[PDB]
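S.K.: Sharing an experimental structure here, sequence included.
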Amino acid sequence: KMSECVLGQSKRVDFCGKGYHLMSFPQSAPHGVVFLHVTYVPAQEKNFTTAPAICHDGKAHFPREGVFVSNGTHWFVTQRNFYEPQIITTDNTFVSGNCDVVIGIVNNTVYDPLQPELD
Amino acid sequence: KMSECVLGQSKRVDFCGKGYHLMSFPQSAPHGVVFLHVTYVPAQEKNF
Amino acid sequence: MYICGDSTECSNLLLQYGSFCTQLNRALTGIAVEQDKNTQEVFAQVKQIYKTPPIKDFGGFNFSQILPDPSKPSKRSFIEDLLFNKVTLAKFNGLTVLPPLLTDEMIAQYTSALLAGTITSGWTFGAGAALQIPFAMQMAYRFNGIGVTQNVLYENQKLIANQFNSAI
Amino acid sequence: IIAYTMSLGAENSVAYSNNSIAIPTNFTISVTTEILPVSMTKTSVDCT
Ligand SMILES: *[C@@H]1O[C@H](CO)[C@@H](O[C@@H]2O[C@H](CO)[C@@H](O)[C@H](O)[C@H]2NC(C)=O)[C@H](O)[C@H]1NC(C)=O
Ligand SMILES: *[C@@H]1O[C@H](CO)[C@@H](O[C@@H]2O[C@H](CO)[C@@H](O)[C@H](O)[C@H]2NC(C)=O)[C@H](O)[C@H]1NC(C)=O
Ligand SMILES: *[C@@H]1O[C@H](CO)[C@@H](O)[C@H](O)[C@H]1NC(C)=O
Ligand SMILES: *[C@@H]1O[C@H](CO)[C@@H](O)[C@H](O)[C@H]1NC(C)=O
Ligand SMILES: *[C@@H]1O[C@H](CO)[C@@H](O)[C@H](O)[C@H]1NC(C)=O
Ligand SMILES: *[C@@H]1O[C@H](CO)[C@@H](O)[C@H](O)[C@H]1NC(C)=O
Ligand SMILES: *[C@@H]1O[C@H](CO)[C@@H](O)[C@H](O)[C@H]1NC(C)=O
């Protein structure tokens, strides 16, 4: 526990403290070792409607690392653990197959950032 | 295992069941715990 | 009671031996306390019991065996109820068996909570307040962890669902 | 002294839906302490 917690970070869930373990410090105790665990816990959850794939041209994109999250007006991609909204673009997505097969999909725009720089 | 496998996916190989680990569902038995492990295995292969 | 039996004369000799009589009882009690602690550690992983969502839709995954049945008495799932039949345990003379701090019924609720927690909130419940997520979407995250891309799950969810259902 | 039936926790069902997801907007860093014994007194008793 000390070797994983003090040196390095442990991916194992709940092995060291509760929640994600950023780092740990150990304090000597009589006939014992005490470990203080620093962990990250997400306090607030704002409800957002979500869908797995967005179909732009009959090809559906998926997030490189972010669950698609939409307030309901527009669709932006944010990291699943903190709410950062980024305008969906080719850089944050990859397209595989045709958008007929995926069970849940929402039509949405793509920015194509090369075009405004070109024009 | 309960903490490690039910709550989150376990990276450690063979820690849960056999093969790649997706998720586990805890079960209760008299004086015991029965774990159901969901794992991903590759069925077919080809040379390249 | 075991060694001397009911007779008073037998008891007096036991007193001569010492705290052996007293020491043995203490050791057993320590063992008895430990059993409760073990069960507590293993199953009390959740702060709050999570009721299963009324909607049974889980993107084509059938969880009927795993989840508790309201119609059935004792709130034990079909897989769980089958298991109880498999292992069967089947006072007298100074030996007493004490019932578990957690009643089998209570243990059932804890298991359901984890099951309910896993399906509804993924791994979010383990590390903090449970966050609702689509089950298909949760599975998508799972594939990513093992190196198979999320799109792969979505492309043939139906194939995957059937295999899982068949496997269960 | 009153004897209760030992309720386990508050019963809340997280809202669930195929199209509904929840993502955290703020995070809290906390410190938790776990205590493990490493040693005990060493006693040597001459048997004689
Ligand atoms: C999920 O679980 C089982 C397996 O498909 C189905 O439940 C069956 O329901 C019918 C009556 O509707 C009963 O005849 C069977 O007893 C049930 N199965 C068994 C094995 O007993 C259920 O239909 C499946 N899915 C849903 C969505 O209801
Ligand atoms: C995140 O939560 C933290 C902690 O509650 C917030 O920090 C507080 O913000 C209020 C209002 O600005 C301040 O008056 C307090 O001094 C801050 N500290 C605490 C402990 O309350 C923070 O504002 C929240 N972040 C977001 C982005 O809303
Ligand atoms: C998210 O879900 C609920 C559903 O009752 C919604 O009304 C509200 O915006 C949020 N509250 C929650 C999960 O408590
Ligand atoms: C996303 O929704 C919030 C809440 O309705 C709104 O304030 C915000 O403007 C939306 N995003 C954009 C780009 O408008
Ligand atoms: C979500 O589930 C509801 C159940 O009422 C259904 O009407 C709807 O078509 C489903 N939508 C998706 C995208 O699965
Ligand atoms: C998305 O666009 C397709 C045609 O490309 C159309 O069939 C579909 O109904 C649209 N759906 C929504 C729900 O906006
Ligand atoms: C790759 O090579 C072997 C050679 O014996 C061939 O028979 C087969 O196509 C491939 N092998 C496996 C092991 O699938």
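M.R.: Sure thing, it's come through. Numbering: from 1, shown residues only, chains lettered A, B, ... in the order given. Ligands and ions are numbered 1, 2, ... in the order given.
S.K.: Check which helix or strand the residue of chain D found nearest ligand 4 maps to.
M.R.: Going by CB to the nearest ligand atom, ligand 4 is nearest to residue D:25 of chain D, at 11.9 Å. Where C-beta positions appear, they are placed from N, C-alpha and C, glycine not excepted. When secondary structure is defined using DSSP states H and E, the element that contains residue D:25 is strand D:20-37.
S.K.: for chain C, which helix is longest?
M.R.: Among the elements of type helix in chain C, defined by DSSP state H, the one spanning the most residues is helix C:20-43.
S.K.: After that helix, heading C-terminal, what element do we hit next?
M.R.: Downstream of helix C:20-43 (by DSSP H and E), the next one is helix C:78-86.
S.K.: List the buried residues in that following helix.
M.R.: Judged by neighbour count using 16 or more other CB atoms under 10 Å in any protein chain shown, the buried positions of helix C:78-86 are C:79, C:80, C:81, C:83.
S.K.: what do you get for stretch C:42-51?
M.R.: Neighbour counts using 16+ other CB under 10 Å place C:42, C:43, C:45, C:46, C:48, C:49, C:50 of stretch C:42-51 among the buried residues.
S.K.: Ok, stretch A:61-71 next?
M.R.: Of the residues in stretch A:61-71, those buried by neighbour count under the rule 16+ other CB under 10 Å are A:61, A:62, A:63, A:66, A:67, A:68, A:69, A:70.
S.K.: Name the nearest residue to residue A:55, sequence neighbours excluded.
M.R.: The spatially closest residue to residue A:55, leaving aside those adjacent along the chain, is residue A:99, at 3.2 Å (CB to CB, 6 or more residues apart in numbering or on different chains).
S.K.: quick one: the residue nearest the centre of chain C and residue B:9, what's the gap?
M.R.: Among the residues of chain C, residue C:111 comes closest to the average C-alpha position under CA atoms, centre = their mean, at 4.6 Å. According to CB to CB, to the nearest Å, residue C:111 and residue B:9 sit 20 Å apart.
S.K.: go on, residue D:4?
M.R.: Separation of residue D:4 from residue B:9 (CB to CB) stands at 38 Å.
S.K.: what does residue A:105 give?
M.R.: Taken as CB to CB, the spacing of residue A:105 relative to residue B:9 amounts to 25 Å.
S.K.: Kindly report the same for residue A:66.
M.R.: In terms of CB to CB, residue A:66 sits 18 Å off from residue B:9.
S.K.: What of residue D:23?
M.R.: From residue D:23 over to residue B:9 the distance is 19 Å, taken as CB to CB.
S.K.: Secondary structure element holding residue C:89?
M.R.: Counting by DSSP H and E, there is no helix or strand that carries residue C:89.
S.K.: I'd like to know how many residues surround it.
M.R.: Burial of residue C:89 is recorded as 6 neighbouring residues (other CB atoms under 10 Å in any protein chain shown).
S.K.: and what of the one 3 residues further on?
M.R.: Counted with other CB under 10 Å, the neighbours of residue C:92 add up to 6.
S.K.: what do you get for the one 10 residues further on?
M.R.: For residue C:102, the count of nearby residues is 19 (other CB under 10 Å).
S.K.: on that earlier part again, quick check: closest non-adjacent residue to the residue nearest to the centre of chain C.
M.R.: The nearest residue in space to residue C:111 (CB to CB, 6+ apart) is residue B:28, at 4.6 Å.
S.K.: In the sheet, which residues pair with the one you found? Tell me.
M.R.: When bridges are taken as DSSP bridges, the partners of residue B:28 come out as residue B:33.
S.K.: Provide a list of residues in contact with it.
M.R.: Taking CB atoms under 8 Å, 6 or more residues apart in numbering or on different chains, we find residue B:28 in contact with B:34, C:43, C:76, C:80, C:83, C:104, C:107, C:108, C:110, C:111.
S.K.: State the distance from the residue nearest to the fifth one when sequence neighbours are not counted to residue C:15.
M.R.: Leaving out its chain neighbours, the residue that sits closest to residue C:83 by CB to CB, 6+ apart is residue B:29, at 4.9 Å. Separation of residue B:29 from residue C:15 (CB to CB) stands at 44 Å.
S.K.: now the buried residues of stretch C:42-51 as TSV including distance to residue C:127?
M.R.: Shown next, in TSV, are these (distance: CB to CB, whole Å):
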residue	distance to residue C:127
C:42	19
C:43	18
C:45	12
C:46	12
C:48	14
C:49	18
C:50	15
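S.K.: Setting aside sequence neighbours, what's the nearest residue to residue C:165?
M.R.: For residue C:165, the nearest residue in space outside its immediate sequence neighbours is residue C:62; the separation is 4.7 Å by CB to CB, 6+ apart.
S.K.: residues from chain D in reach of chain A?
M.R.: Along chain D, the residues adjacent to chain A under the rule CB under 8 Å from any CB of the partner chain are D:15, D:18-41.
S.K.: now swap in chain C and tell me
M.R.: On the criterion CB under 8 Å from any CB, chain A has as its neighbours in chain C the residues C:45, C:59, C:123-124, C:126-129, C:131, C:133-134, C:136-137, C:140-141, C:149-151, C:154-155, C:157.
S.K.: Run through these and flag the ones next to chain B.
M.R.: By CB under 8 Å from any CB, the members of these lying near chain B are C:45, C:123, C:126, C:127.
S.K.: Out of these, which sit inside helices?
M.R.: C:126, C:127.
S.K.: Residue C:115 and residue C:66 touch, don't they?
M.R.: Yes - assessed by CB atoms under 8 Å, residue C:115 is found in contact with residue C:66 at 5.9 Å.
S.K.: any idea how far residue D:21 is from the residue in chain A that ligand 4 sits nearest to?
M.R.: Shortest chain A-to-ligand 4 distance, computed as CB to the nearest ligand atom: residue-wise this is residue A:71, at 2.9 Å. Computed as CB to CB, the residue A:71 to residue D:21 distance reads 12 Å.
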